[PDB]
């Protein structure tokens, strides 16, 4: 069965796409917001045949226009993820951008793009050549952003740390102690039928990115913003994947005993207030059972009372406790 809705929507966007080639950067951004609203919303079927019209604007001189293109590609991977191999090249290219404001926006977008991209490529039974090449670009995006922890711009470093957090979480296995999160995806959700990549190689990479985050967290000349961001990212990784709990508790212990001498008094207070919150969050996780006394010690050093700390420890039955206590003795 048919109606007029699709043809009327197509005529509305054909006009808007034609205006773009002669429009001002302010008008170009207004037109793109309307094109996105219809082509990825009101009439989602039109998306494929208006892709090149929008992706061409990635080369535009105005940074706001380039940023609007990023917002479009991010939306594509959310609603029409099957189109990922046709938009993913633009993302990798826009990570070479000269504008720091553009790079930051691309890093932000890569969070959902990488997750949606990994989920979609996993689902494919007979993956084509388009799938292998989309995965190659996604692998290169991870390496591109990983390099940006050494970028000279503090904003770029902050965004890069946040991106790397989601990769570790995706490229590790969830367990029974993992914090309950609705859209959570781990290596356990990656099928054995998948030929594109091996679960063990992704785990190896996740472990290497974690090692880089732990090492970055412990440097002497890290900025207060990068340090607070790295601390909360390490906390998210340990509460999501409690296999990394011991390593994260050790990094927090080492930080509190050696605050970078580059921090001002005000920055030390800010870092310590955030660290206190991360330790409270971790102490609520059942997987922090072994480290409860170490966490308590740090929370006492940071000004928490006996009763404030005590209320955070989850209640456990003696059978669960004995299961954990024996496993801790076994692992050693």
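Residue numbers count along the first chain shown, from 1.
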Check the entry's C-alpha temperature factors for 273-281 and 38-46, then say which stretch has the higher mean. 38-46
Ranked by mean Cα B-factor in the entry, 10-18 and 308-316, top stretch is 10-18
Comparing recorded Cα B-factors across 124, 103, 137, 237, which one is largest? 124
Highest recorded Cα temperature factor - choice among 173, 244, 114, 197: 197
Tertile call for residue 295 (CA temperature factor, within chain, third-based) is the lowest
Ranked C-alpha temperature factor of residue 78 among modelled chain residues, by third: middle
Taking the entry's C-alpha B-factors for this chain, is residue 206 in the lowest, middle or highest third? middle
Looking at the entry's B-factor column for C-alpha atoms only, identify whether residue 51 ranks in the lowest, middle or highest third of its chain. highest
Could you tell me which third, lowest, middle or highest, the C-alpha B-factor of residue 187 occupies within its chain? middle
